[PDB]
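As structure tokens, the structure follows; a few thoughts come after it.
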There are 2 protein chains.
Amino acid sequence: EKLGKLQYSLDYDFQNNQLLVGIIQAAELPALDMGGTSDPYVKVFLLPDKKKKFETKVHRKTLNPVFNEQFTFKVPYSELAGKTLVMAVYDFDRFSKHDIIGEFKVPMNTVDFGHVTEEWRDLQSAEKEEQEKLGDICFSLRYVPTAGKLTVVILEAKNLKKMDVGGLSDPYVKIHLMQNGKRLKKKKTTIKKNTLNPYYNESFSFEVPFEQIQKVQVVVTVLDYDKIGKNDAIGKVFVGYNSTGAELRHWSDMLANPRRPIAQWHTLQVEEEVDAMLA
Amino acid sequence: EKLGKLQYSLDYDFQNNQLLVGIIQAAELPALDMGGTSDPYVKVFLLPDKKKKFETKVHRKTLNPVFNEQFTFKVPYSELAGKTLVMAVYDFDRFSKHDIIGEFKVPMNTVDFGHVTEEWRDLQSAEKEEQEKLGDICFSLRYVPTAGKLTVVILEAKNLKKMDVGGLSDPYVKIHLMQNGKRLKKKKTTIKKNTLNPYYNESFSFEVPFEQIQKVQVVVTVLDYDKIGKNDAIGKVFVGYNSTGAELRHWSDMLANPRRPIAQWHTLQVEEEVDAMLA
Ligand SMILES: [Cl-]
Ligand SMILES: [Cl-]
Ligand SMILES: [Cl-]
Ligand SMILES: [Cl-]
Ligand SMILES: [Cl-]
Ligand SMILES: [Cl-]
Ligand SMILES: [Cl-]
Ligand SMILES: [Cl-]
């Protein structure tokens, strides 16, 4: 099955005890018949912990993307056995999908370290990818340059994780406007009870002058409401400064289409790893 | 004449007394040079400076590039009159074609500040672009990941500026391997006398382990030899970390084609402005 090639680099840096993964480029990706081209990007992670995933920038309308991106996994050399590098090429669109054009796995036991690995390898078929299920959140972003008004509409969520024993969840979403690690504003949606697919369609606005929009970050977190007890977050995602892949594309599209609300689905990630990226 | 559209943003930031220029995207670029498409990028400068230009990343094989890039010009509001913003869309080539697809000028006197300008405007015809003439330098880059060997071959130069009264120049080139503002190595070619188009074809090597190649910078400077007196640089250019446009493409191509020498012509820039970018 012809799915194209991926050029990558692999190297263990004994100095800083970290694995270096390079996503150079992909070639000959399958040509769509329902679209024409693809908006490819690569997710990079190490099994068995599909918690931490990295993403390349999403490339527009192409079957031969050149990424030139580097990623890092802090792992002690003596803990490499049992781990597998996964490089999945996704086809972007504003949906929850997970359209895996193809992928390439590299079991650490097949790698000759102490020498730099850099090569092309054919992409293999794959429908589902090892993923931690927390659900998807859907929201729209709209920015009016002149007025300096940022509008975030929390539309809906689906397949949320079950936070209530012998039940579902009581999901609510809160937004955090941030700038340089500093919390500028907070917002919270109403609470929906007993559901994994809440529908909100609640709009919120912020005042972000054009001279700042380029430095802020909008953090969206979905949590479960618990009357008697702590409200545990089920997952989060953020867009704006330093965001990557799909999140960066969402933010960019917003800036490219002033005055228009761009809606898009995002895959929720574990609160801990998203916080490290906002760090 | 159909040359495509450019979407840009313009705004004066009275807070930091600087002009903000945004190059969002271009559409319908004419299907020309290099076959089916082009490798577009935009040079941005404020006339009558002409000496300081900025460049967007070069986008591969496309007639509808989305840049999402921001640039800054520190200019006092009271010194804006008499200045013109120039946004020229070039088509990338490894030769010294300096081919302009189209351009769009914005005289400051036509801008209504105190309000964000963001729009599309058709590109206009243009052959030559206001340029400070210093000449072009041609060199090749080759990198061997495993061996950690970086090879720079100074091939030749052309149209060098005349540094000798009632004569031409006595050009020589020196290379600076840098890392984090720190000078790691130096190299110098032989000296060619009385010429504006010297031919060198001199090769040099550096030891840059794979775990560092991603952080170094190769600075190439062309100077005029003067026996009795100071050797004045005619111009320079650099590639690697933080390099942009054509320079970044050269560096990337090197990394994408290990073990192969990638040759390319570069337009020399004034020593002062290049140093500010290496700052
Ligand atoms: Cl293509
Ligand atoms: Cl690309
Ligand atoms: Cl690279
Ligand atoms: Cl939907
Ligand atoms: Cl293994
Ligand atoms: Cl293969
Ligand atoms: Cl593009
Ligand atoms: Cl933008």
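Each answer follows from the model by the rule given with it, or from the source it names; no laboratory instrument gave them. Cβ: placed from backbone, ideal geometry, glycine included. Neighbour counts: every protein chain shown.
Residue check: is A:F67 within 16 Å of ligand 1 (Cβ to nearest atom), under 17 Å from the mean Cα position of the chain (by Cα) and touching a residue at least 40 places away in the same chain (Cβ under 8 Å)?
Answer is yes for this residue.
Hey, could you check segment B:8-35 for residues that are farther than 15 Å from A:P145 by Cα and either crowded, with 19+ Cβ neighbours inside 10 Å or outside the structural domain of B:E55 (by CATH) (or both) and say which is farthest from ligand 8 (Cβ to nearest atom)?
The extreme case among them is B:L29.
Looking only at segment B:41-56, filter to residues that are closer than 27 Å to A:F67 by Cβ and out of contact with any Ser or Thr (no Cβ under 7 Å at 6 or more places or on another chain); which one of those is nearest to ligand 3 (Cβ to nearest atom)?
It comes out as B:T56.
What are the residues in segment A:59-106 that are of a type in the set (S, T, Y), more than 30 Å from A:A263 (Cα to Cα) and either in contact with a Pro (Cβ under 9 Å, 6 or more places away or on another chain) or not assigned by CATH to the domain that holds A:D122 (or both), if any?
A:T84
Please state which one of A:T84, A:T72 is within 16 Å of ligand 5 (Cβ to nearest atom), among the polar types (S, T, N, Q) and either more than 28 Å from A:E271 (Cα to Cα) or surrounded by fewer than 20 Cβ atoms within 10 Å (Cβ to Cβ) (or both).
Among A:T84, A:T72, only A:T84 is within 16 Å of ligand 5 (Cβ to nearest atom), among the polar types (S, T, N, Q) and either more than 28 Å from A:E271 (Cα to Cα) or surrounded by fewer than 20 Cβ atoms within 10 Å (Cβ to Cβ) (or both).
Check A:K5, A:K43 and return the single one that is charged (D, E, K, R) and closer than 27 Å to B:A147 by Cβ.
A:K5
Which pairs do you get when a residue that is free of Cβ contacts under 8 Å to residues at least 40 places away in the same chain and more than 30 Å from A:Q15 (Cα to Cα), found in segment A:113-136, comes within reach of a residue that is hydrophobic (A, V, I, L, M, F, W, C) and away from ligand 7 (no atom under 16 Å from the Cβ), reach meaning Cβ atoms under 8 angstrom, with the pair 6+ apart or on two chains?
Partner pairs satisfying both residue conditions: A:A126/A:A88; A:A126/A:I100; A:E127/A:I100; A:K128/A:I100.
Residue pairs, Cβ under 8 Å, 6 or more apart or interchain, first in segment A:204-226 and within 14 Å of chain B (Cβ to nearest Cβ), second among the aromatic types (F, W, Y) and buried (at least 18 other Cβ atoms within 10 Å of the Cβ). List them.
Here the result reads A:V208/A:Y143; A:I213/A:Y143, each pair linking segment A:204-226 to a residue that is among the aromatic types (F, W, Y) and buried (at least 18 other Cβ atoms within 10 Å of the Cβ).
Go through (1) surrounded by fewer than 18 Cβ atoms within 10 Å (Cβ to Cβ); (2) more than 13 Å from the chain's Cα centre (by Cα); (3) hydroxyl-bearing (S, T, Y) one by one and return the number of the condition A:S38 breaks.
The number of the failed condition is (1).
Among the residues of segment B:52-72 satisfying the criterion of being in a strand (DSSP E or B) and among the charged types (D, E, K, R), which is farthest from the other protein chains (Cβ to nearest Cβ)?
My answer is B:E55.
Which residues, taken from segment A:73-111, are within 16 Å of ligand 6 (Cβ to nearest atom) and part of a loop (DSSP other than H, G, I, E, B)?
A:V111
What's the total number of residues in segment B:180-198 that are of a type in the set (S, T, N, Q) and in contact (Cβ under 8 Å) with a residue 40 or more places away in the chain?
1
Could you please let me know if B:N194 is surrounded by fewer than 18 Cβ atoms within 10 Å (Cβ to Cβ), in a strand (DSSP E or B) and on the phi > 0 side of the Ramachandran plot?
Values: surrounded by fewer than 18 Cβ atoms within 10 Å (Cβ to Cβ): yes; in a strand (DSSP E or B): no; on the phi > 0 side of the Ramachandran plot: yes.
It is false that B:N194 is surrounded by fewer than 18 Cβ atoms within 10 Å (Cβ to Cβ), in a strand (DSSP E or B) and on the phi > 0 side of the Ramachandran plot.
Taking A:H115, is it more than 14 Å from chain B (Cβ to nearest Cβ) and either in a loop (DSSP other than H, G, I, E, B) or within 16 Å of ligand 8 (Cβ to nearest atom) (or both)?
No.
Those residues that are away from ligand 2 (no atom under 16 Å from the Cβ) and facing chain B (nearest Cβ under 10 Å), I need them from segment A:7-43; list them, please.
A:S9, A:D11, A:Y12, A:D13, A:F14, A:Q15, A:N16, A:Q18, A:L20
Residues in segment A:262-278: is at least one part of a helix (DSSP H, G or I), exposed (fewer than 15 other Cβ atoms within 10 Å of the Cβ) and within 14 Å of another protein chain (Cβ to nearest Cβ)?
No; the residues of segment A:262-278 include none that is part of a helix (DSSP H, G or I), exposed (fewer than 15 other Cβ atoms within 10 Å of the Cβ) and within 14 Å of another protein chain (Cβ to nearest Cβ).
Just name the residue that is nearest to B:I23 (Cα to Cα) out of those in segment A:232-257 that are in contact with a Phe, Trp or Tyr (Cβ under 7 Å, 6 or more places away or on another chain) and in a helix (DSSP H, G or I). Can you show your working first?
First pass over segment A:232-257, keeping only residues in contact with a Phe, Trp or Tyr (Cβ under 7 Å, 6 or more places away or on another chain): A:239-240, A:243, A:245-247, A:249, A:254-255.
Remaining after also requiring in a helix (DSSP H, G or I): A:245-247, A:249, A:254-255.
Values: A:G245: 20, A:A246: 21, A:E247: 20, A:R249: 16, A:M254: 14, A:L255: 11 Å.
Top of the filtered list is A:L255.
Here is a list of conditions, (1) over 17 Å from the mean Cα position of the chain (by Cα); (2) at positive phi, and B:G135 meets all of them except one; can you say which number that is?
Here B:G135 clears every test but (1).
If you go through segment B:40-50 one residue at a time, do you hit one that is within 13 Å of B:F104 (Cβ to Cβ), touching a residue at least 24 places away in the same chain (Cβ under 8 Å), away from ligand 1 (no atom under 16 Å from the Cβ) and touching a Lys or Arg at 6+ places or on another chain (Cβ under 6 Å)?
Yes, the conditions are met somewhere in segment B:40-50.
In segment A:118-159, how many are under 29 Å from A:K193 (Cα atoms) and either part of a strand (DSSP E or B) or in contact with a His (Cβ under 7 Å, 6 or more places away or on another chain) (or both)?
Within segment A:118-159, residues that are under 29 Å from A:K193 (Cα atoms) and either part of a strand (DSSP E or B) or in contact with a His (Cβ under 7 Å, 6 or more places away or on another chain) (or both) number 16.
Does A:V89 fit the bill of being more than 14 Å from chain B (Cβ to nearest Cβ), more than 16 Å from ligand 4 (Cβ to nearest atom) and in contact with a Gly (Cβ under 9 Å, 6 or more places away or on another chain)?
Numbers: more than 14 Å from chain B (Cβ to nearest Cβ): yes; more than 16 Å from ligand 4 (Cβ to nearest atom): yes; in contact with a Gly (Cβ under 9 Å, 6 or more places away or on another chain): yes.
Yes: the conditions hold for A:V89.
Residues of segment A:118-141 being within 14 Å of chain B (Cβ to nearest Cβ) and touching a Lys or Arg at 6+ places or on another chain (Cβ under 9 Å), which ones?
Result: A:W120, single match.
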